[PDB]
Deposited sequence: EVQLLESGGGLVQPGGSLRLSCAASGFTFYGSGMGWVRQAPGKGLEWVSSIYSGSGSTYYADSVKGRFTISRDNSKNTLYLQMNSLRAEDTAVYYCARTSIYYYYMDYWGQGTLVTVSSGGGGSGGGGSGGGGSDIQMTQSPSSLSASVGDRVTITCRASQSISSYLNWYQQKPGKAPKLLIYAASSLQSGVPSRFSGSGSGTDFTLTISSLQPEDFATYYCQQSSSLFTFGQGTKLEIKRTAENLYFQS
């Protein structure tokens, strides 16, 4: 029932401008925070901008400051990102994501639209890469530059798919997510744990702090062992 559809992505000459829109349905649009998250081909997730209640409550990455302008029209249930002075750094798939204000997590993601061109909180994720077997106990960990209380989310992403929320509020299991997944930690140090690894759990896992703006972990690829 909930749907986010992005559009406006395409080819631009460097220095040029582009306008992304995301059409939202299946939820009260004005009641929800809305974000843009991009991903370069093969690379990890990077928060770009999110808007809450109007133009007074807009937030941008240092990367895109004074260059991108986020906006919303609640009457048309649409989110916009105006993109100016475009670099190659900017070539990426731009996801439209809904931020629930319950504990500031992104529970709904669009397909993403592709743009082709011609003193924040850091999040370290150990290990970078992991090889495990079906049935094994997996523990990925996130450390934060400074304290982020319990404002820590865990996401799964699989090839050709949008990120999916596993854990919010450091240790709360998102509806639908299997019970083998569990989060722990508060302050700086956090842990995602899979009790009995399953074939479908082979994926990339990103953590994300919500405390002040959003910053994603580098990601952790969980791969099968040899037989």
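Mapping the modelled residues onto the deposited sequence reveals missing stretches at 119 to 133, 243 to 250.
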